[PDB]
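[1] fold the following for me, if possible:
(one chain, ligands or ions: 1)
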Amino acid sequence: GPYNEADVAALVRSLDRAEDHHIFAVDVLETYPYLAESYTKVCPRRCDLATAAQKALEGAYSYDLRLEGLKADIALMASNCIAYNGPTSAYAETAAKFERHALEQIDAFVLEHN
Ligand SMILES: CC(=O)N1CC[NH+](CCn2c(CCc3ccc(C)c(C#N)c3)nc3cc(-c4c(C)noc4C)ccc32)CC1
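    Residues are numbered from 1 along each chain as shown. Coordinates below:
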């Protein structure tokens, strides 16, 4: 049946790493509301790990056996960072490493529970 909501939420929180300098921890516009005018045009759909953990606790991912919806939220976080900060920035480098690690951890979770 469905995944345990707390276990998925714990997976999400484990993706918030000091190795990524916590850049995906919370909504970009929660920490930097002054970016909103430019950010919402470049990135009209936002996500962050605190939001994703709450989605997990409410069952948003529970019936997605492959966790494809969570993978899509991770991909949105990374692609928004690359789009807004630009492809030559250090933020873009962190985004790519973050997404790769997140995919490895999500895949391991699916294999341990499928
Ligand atoms: C939960 C909480 O209280 N937090 C956790 C989050 N930090 C903010 C972290 N952060 C810092 C500061 C650390 C830093 C500086 C410079 C570089 C090149 C790197 C890298 N790579 C990292 N730049 C940030 C930039 C963004 C960001 C995104 C995503 N897309 O557009 C922007 C702008 C988000 C968080 C950021 C505030 C305190």
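
[2] so which strand or helix has the most centrally placed residue in the chain?
    Centroid-nearest residue in the chain, with Cα atoms, centre = their mean: residue 74, separated by 3.4 Å. If you go by DSSP states H and E, residue 74 is part of helix 68-85.

[3] likewise residue 99?
    Going by DSSP H and E, residue 99 is in helix 90-113.

[4] tilt between that helix and helix 68-85?
    170 degrees (axes from the mean of the first three to the mean of the last three Cα atoms, to 10 degrees).

[5] report the buried residues of helix 90-113.
    92, 94-95, 98-99, 101-103, 105-106, 109-110 (16 or more other Cβ atoms under 10 Å). For the C-beta atoms, the positions are set from N, CA and C on the backbone; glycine is no exception.

[6] can you list the residues you listed in CSV and add distance to residue 65?
    Below are the buried residues of helix 90-113 laid out as CSV (distance: Cβ to Cβ, whole Å):
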residue, distance to residue 65
92, 31
94, 30
95, 27
98, 24
99, 21
101, 22
102, 18
103, 16
105, 17
106, 12
109, 11
110, 7
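
[7] no further questions, thank you.
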